[PDB]
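Presented below is the structure to which this report refers.
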Amino acid sequence: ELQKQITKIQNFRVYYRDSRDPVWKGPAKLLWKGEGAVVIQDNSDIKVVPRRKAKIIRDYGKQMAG
Amino acid sequence: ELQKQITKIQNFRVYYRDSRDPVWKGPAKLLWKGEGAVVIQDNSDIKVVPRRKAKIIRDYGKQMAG
Amino acid sequence: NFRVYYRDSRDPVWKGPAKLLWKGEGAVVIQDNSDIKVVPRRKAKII
Amino acid sequence: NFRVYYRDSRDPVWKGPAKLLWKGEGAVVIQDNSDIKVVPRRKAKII
Amino acid sequence: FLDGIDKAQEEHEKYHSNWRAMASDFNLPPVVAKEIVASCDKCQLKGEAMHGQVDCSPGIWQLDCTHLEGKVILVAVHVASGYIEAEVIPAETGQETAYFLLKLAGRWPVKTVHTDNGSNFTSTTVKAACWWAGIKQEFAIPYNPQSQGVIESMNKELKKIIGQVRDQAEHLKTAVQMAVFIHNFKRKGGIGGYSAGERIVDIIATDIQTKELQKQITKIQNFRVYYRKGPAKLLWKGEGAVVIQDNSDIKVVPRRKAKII
Amino acid sequence: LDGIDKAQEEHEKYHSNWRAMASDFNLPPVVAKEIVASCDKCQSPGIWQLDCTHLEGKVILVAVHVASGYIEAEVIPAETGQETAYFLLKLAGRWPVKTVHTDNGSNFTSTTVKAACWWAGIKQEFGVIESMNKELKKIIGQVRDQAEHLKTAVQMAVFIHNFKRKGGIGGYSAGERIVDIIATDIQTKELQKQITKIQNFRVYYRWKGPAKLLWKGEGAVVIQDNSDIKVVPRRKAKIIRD
Amino acid sequence: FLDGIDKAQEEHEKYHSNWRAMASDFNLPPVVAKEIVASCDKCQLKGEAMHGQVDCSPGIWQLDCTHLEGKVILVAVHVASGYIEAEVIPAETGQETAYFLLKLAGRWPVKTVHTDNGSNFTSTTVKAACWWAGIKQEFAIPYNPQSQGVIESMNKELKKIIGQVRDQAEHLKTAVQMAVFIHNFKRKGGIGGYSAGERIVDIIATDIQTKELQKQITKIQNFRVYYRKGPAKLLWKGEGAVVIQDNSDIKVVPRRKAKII
Amino acid sequence: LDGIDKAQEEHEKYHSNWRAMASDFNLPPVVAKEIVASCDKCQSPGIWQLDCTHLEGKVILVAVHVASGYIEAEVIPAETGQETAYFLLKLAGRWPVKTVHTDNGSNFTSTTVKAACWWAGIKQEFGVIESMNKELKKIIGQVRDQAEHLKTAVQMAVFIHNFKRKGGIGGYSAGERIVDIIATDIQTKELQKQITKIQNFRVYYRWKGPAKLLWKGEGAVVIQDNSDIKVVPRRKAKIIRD
DNA sequence: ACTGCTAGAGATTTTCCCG
DNA sequence: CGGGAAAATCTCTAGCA
DNA sequence: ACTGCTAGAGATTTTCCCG
DNA sequence: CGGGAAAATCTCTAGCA
Ligand SMILES: C[C@@H]1CCO[C@H]2Cn3cc(C(=O)NCc4ccc(F)cc4F)c(=O)c(O)c3C(=O)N12
Ligand SMILES: C[C@@H]1CCO[C@H]2Cn3cc(C(=O)NCc4ccc(F)cc4F)c(=O)c(O)c3C(=O)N12
Ligand SMILES: [Mg+2]
Ligand SMILES: [Mg+2]
Ligand SMILES: [Mg+2]
Ligand SMILES: [Mg+2]
Ligand SMILES: [Zn+2]
Ligand SMILES: [Zn+2]
């Protein structure tokens, strides 16, 4: 039930930026999604990121590649 | 005689750049000066640098400051 | 308070000082002679 | 040999391929239809 | 430094020497010379060296008009994905910009449009078009094209592709549609190696799926957390850390000094 | 890895597809695809129908994505080959169109339309479109008073049909359905690409005869030998390209 | 990949897909797809992302004309130091550019002048002026202002100072001379915290002194070095390393496998 | 550090200046300056003369750097205050002019010239210039045929005098001499700045009474106590600002 | 109270592949 | 564990006008 | 065969100064 | 050896038009 939904939401990849860094960070794991904020885990570091700085997808290619 | 001239020439400071680096390096010590090339010592590293990439001075302020 | 000097719109002349009303990431909102203006932080200096 | 494609002078259209005569740091000298031209490396691609 | 300061300000009033010059010439600490400079209105001639970052929410599109061979091309880009829609229009008017916007809103979930202050984008007709389609209108700071960096960059890319394929079409409109096709489906790169079309499909589908999944999770996972405070709503737990939202303030706290009820 | 036998048993018992086995048993999609294709007893997204309708003396050219119900429509000045080719090139630029179904009309059999289809890689073949023309006409009659010109009303109707009208099993709009279907098609194409990439490799393990390579993991190699799937360590097997 | 390649080139001829697009769509190695792209003439539309570096020999000056309040300002900068000389001129002509250059050569050791291809700088009169004063003339690649980055940047700085002090002078020429004064002596910074005037004096004096000192050293220190070759002339020795010049090729070799005679 | 006693002995024996002691004995310039100023028995670069000469009915305004012999000259349209002020502002922009010596002429006592001097910080005071006008006239007569206009010939003469004519003890040109003199003046000003910065500090060592601070080195502190210079370790002394 | 970005060229660093 | 080759990441640029 | 640079604003890192 | 404050180095920008 809940655990399946949780692992499904953590399968998504998040690309994001910090307020003063124009470079896009690597794919971080999605933990929670809100209206204005997204909560991610990037290299064992839990970061809260505004929705306007986050690109969330799946990356079908990797979901097929295993 | 020769040693005094040598230490006098090594008192000069050299500012320089590498062929693909727009930043100017710190003051390296001048070892030899030629028409088209200058030979410097920068952090225990002897580098040959074209004359067109080298700004050589004394820095009177440091020569007074000791 | 803060002093803001700024370049507004295609006018090379810097103006100010203006009262800082709001500082965001990328832009600031200022008041200069009762004229509220929105200026990118690239075009303003806050002192 | 090398193929050089280049932008010469205020003309947005890229031209080539031209024969590479000389490669310096910052610029290249090329021959295109017997017209030797000097082009900054910012405005050329050597293949 | 009273004598040194006064001689410095007199020098600055005439020459406007930078803080280094006054510090050297008048034996002043760097703070004092910088104070003299900073207190001079005529020496405030440069802004901070930085660049902002434009919104990339899944619903924002950036629209602009570009010009090619004497015609007008209306261009829109989905910021999150880089997917573009372009159309040649006979004139930069609010009527046809509104029509383009109606079509776009009918084809994709457009929540917000970000434009410069061109008269076509600020027109009453476009405002009515956005209101009926439920699209929020955002206008850049005037004469700041950087606020439209995405669409402005897309204008360059679109014109670049048009030049490449301009010889396979007689008319410019056909070439523009060919270039739009090439950009959306024949150029791969970016954050997932996607084409723009694949990327926008992924973005939109992912938004829908994540919304549904998080709705189910919040329906099932209903807990209140006390840390260090009030009953903060539980968002996520695990790996020795707990994410909570206390009074619309999301913060990350360790599992220690926190209890989930 | 460990769940391959469980997936085989589940597929034999319930005739499940590869997606279900991959999702439930945490297996790579290629292994589940091999499992689902190993049994003989267990054996659209780019199709559009194009038609012209007439309304108030104006020609409305309508495109329907068959799988989802999604609609692309605009008033065109005339029912000629040029406007049809322009509209179809537009559609091919916006969505991944592979095949168009038409009614052998004059504007659909024109050389301009065929040239556009050849350029965009669209395959031309000469009842959904009729019912959807009826539905679009209904929505247009509903929202006609909100616009002066017919084209604006048509685009309002397209917007309403694609995003405001919901139905079906899940109560989804047409736009949601098309997005999901295209995402699934993207997944299928990615899986096919990876299968094509890996099917040219042969693995010798423990040496035993060549075996079909299925997955090259971080800690194991999944192979298929004699219509059976075996997991072997990476250091115990050699992978070569034939 | 013969079938995959051929389908890729046919796709590229129509759409000009980038190497990623063909590699994904046609299962090609990155090298093959990049080969297809690189072999397409119409896809060669961008140069390498780099910047050259202009000569900063002690004798080079960069000259340019700028325009302010309807007048012409001729500007020269000593590249090594940033020291500038400017003068308002009534017209961009070779006569007055040559006169400015004669004055500059009479006041400072000008060995080389680097200009864009403005008609005043390419004039016959300026060529005669340089020939009599012994000044080598260097012309930038046409329509490449980056080749004059130093003087072009100085144009910005000079105009910036002129605006600051424009109200203390009635005429523009007086303001230009005030701005030149401020730049050369009232602004400190750069590689030695110098003003531009102090820096140019240091550069020129250092050049003279180093020339004399090295002349004396080479007069006294006359040795030939054999390493690994021929009798390479000795340049400098010490710290376990020897610097030699073998057939007009200066190289650094360790003290080992080298003998000084 | 170790050579302070040797420098003191050398200065007492030969009345040497601080530059010689610093160069020969590897001492910081401040310590040598203190040594040279400690004995009572041992006790220009910004001065220019400005004058107008007449030639071929045209006014030539000449500037001479007294210390070096360097010349700045140009033909001016008229002998008025405006042109003199413009020329002097030019010169002050090019070289560090502190004082101008003139002949109390009408163009030199004008309010415009005084305002220019006040703006540039030049001090106005009302035989070198006469001889140098003669020399410039000689060079102009030598190179007059090489130009059509008098101003170009004047600038050629200025170039020749400053760089092609060499003389004196070292056989140097005027440009070399002015560059050297200005460099020496820069050195003097830097030394004065550092002396002013350090003279406000007092050092307590080993505690003994306050002593004048001379040098704050990386491994030692040089102080002057009771008209004598002593070297003490940094950790053995405390430096405070008064 | 809002905001540079994109994608290609060339360089440099990781990862992986067989020993 | 060791190099080599390919992949991945990184650095930087023009143009959008 | 020739070539982006400069200087100011703000951030981040070193150095130094007394314990 | 330890923090704090000031100095130094570093990062990045507009304008030169
Ligand atoms: C009449 C409307 C209303 C108000 O202002 C004008 C003028 N303008 C000027 C540019 C421009 O300068 N592009 C070059 C550029 C420079 C920097 C950067 F980061 C991005 C860039 F694209 C545009 O692109 C543009 O669309 C307009 C426009 O539409 N208008
Ligand atoms: C008629 C002569 C002869 C041939 O070409 C023209 C045109 N031109 C154009 C610029 C210019 O575009 N400056 C902006 C800029 C851009 C980039 C950069 F790195 C440096 C920069 F200064 C000049 O400055 C300039 O002097 C000229 C000029 O003199 N001429
Ligand atoms: Mg616009
Ligand atoms: Mg634009
Ligand atoms: Mg020019
Ligand atoms: Mg210029
Ligand atoms: Zn000021
Ligand atoms: Zn191509």
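The sequence lines fix the lettering, A, B, ..., with proteins before strands; numbering per chain opens at 1. All values below come from the heavy atoms of this structure, side chains included, with hydrogens, waters and symmetry mates left out.
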*Determine, for nucleotides 10-19 of chain I in 5'-to-3' order, which nucleotides have protein heavy atoms under 4.0 Å from the base (write B), from only the sugar-phosphate (write S), or from neither (write -).*
S------SSS
*Would you write out the dot-bracket form of DNA chain K, 5' to 3', with Watson-Crick and G-U pairs under 3.5 Å, [ ] for crossing pairs, | for pairs to other strands and . for unpaired bases?*
...||||||||||||||||
Could you list the donor-acceptor pairs under 3.5 angstrom formed between side-chain atoms of residues 234-241 of chain H and any protein atom two or more places apart in sequence or on another chain?
residue	atom	partner	partner atom	Å
H/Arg234	NE	H/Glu218	O	3.1
H/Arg234	NH1	H/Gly217	O	2.5

*Hey, does F/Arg235 reach any base, or is it just sugar-phosphate, or nothing, if we go heavy atoms under 4.0 Å?*
nothing
*Measure the distance from OH on D/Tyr6 to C1' on K/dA1 and round it to the nearest whole Å.*
16 Å
*Under 4.0 Å between a side-chain N or O of G/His51 and OP1 or OP2 of J/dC12?*
no
*When rounded to the nearest Å, what value does the distance between P atoms of J/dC10 and K/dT6 take?*
30 Å
*Rounding to the closest angstrom, what is the interatomic distance between J/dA6 and K/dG10 at atom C1'?*
41 Å
*Would you tell me if any nitrogen or oxygen in the side chain of G/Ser147 comes within less than 4.0 Å of OP1 or OP2 on K/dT3?*
yes
_Closest to side chain of D/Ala27, choosing from K/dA1, K/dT3, J/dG15_ = K/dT3
*Who pairs with D/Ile46 by side-chain contact (heavy atoms from CB on, under 4.5 Å), at least two apart in sequence or on another chain?*
D/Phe2, D/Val4, D/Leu20, D/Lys23, D/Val28
*Does the ring of K/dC18 sit north or south, if a positive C1'-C2'-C3'-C4' angle means north and a negative one means south?*
south
*How far does the P atom of I/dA11 sit from the matching atom of L/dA7, given to the nearest Å?*
42 Å
*Considering only the P atoms, how many Å lie between L/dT13 and I/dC5, rounded to the nearest integer?*
11 Å
*Protein-nucleotide distance (G/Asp55, atom CG; K/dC5, atom P), rounded to Å*: 11 Å
*Which one, K/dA1, L/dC16, I/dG8, comes nearest to the side chain of E/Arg187?*
I/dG8
*Nearest to the side chain of G/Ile141, which nucleotide is it out of I/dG4, L/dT13, K/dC2?*
K/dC2
_If you count every heavy atom of other residues, nucleotides or ligands that lies below 6.0 Å from H/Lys197 atom NZ, does the total exceed 12?_
no
*Do the ring planes of E/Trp61 and E/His78 sit parallel (below 30°), tilted (30 to 60°) or perpendicular (above 60°)?*
tilted
_Taking only the P atom of each, what is the distance from J/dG15 to K/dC2 in whole angstrom?_
23 Å
*asked:* Going by the rule side-chain contact (heavy atoms from CB on, under 4.5 Å), which residues pair with B/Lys25 if we only count those two or more places apart in sequence or in a different chain?
replied: B/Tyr16, B/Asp18, B/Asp21, B/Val23, B/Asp42
*So, is G/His67 close to the L/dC16 phosphate, meaning a side-chain N or O under 4.0 Å from OP1 or OP2?*
no
*Starting at the 5' end of DNA chain K and moving along, which residue's nearest nucleotide shows up first, B/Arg17 or E/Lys46?*
B/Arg17
*Specify the separation, in whole Å, of atom CD of E/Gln146 and atom P of L/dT13.*
10 Å
*Do the non-hydrogen side-chain atoms of G/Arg199 and G/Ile191 ever get within less than 4.5 Å of each other?*
yes
*Among all residues two or more places apart in sequence or in another chain, which pass the side-chain contact (heavy atoms from CB on, under 4.5 Å) test with C/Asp35?*
C/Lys37
*When you check the phosphate oxygens OP1 and OP2 of J/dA17, does a side-chain N or O of E/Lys159 lie under 4.0 Å from one of them?*
yes
*side-chain contact (heavy atoms from CB on, under 4.5 Å) between E/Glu152 and E/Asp64: does it pass, once the steps are laid out?*
CA-CA 7 Å; E/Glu152 296 299 344; E/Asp64 198 29; 2.8 Å; yes
*Looking at the side chain of D/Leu21, which of J/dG15, L/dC16, K/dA1 is the nearest nucleotide?*
K/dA1
*What nucleotide among I/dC2, L/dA7, K/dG4 has an atom nearest to a side-chain atom of E/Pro30?*
L/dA7
*asked:* So, does G/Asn144 get its side chain near the phosphate of K/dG4, meaning an N or O under 4.0 Å from OP1 or OP2?
replied: yes
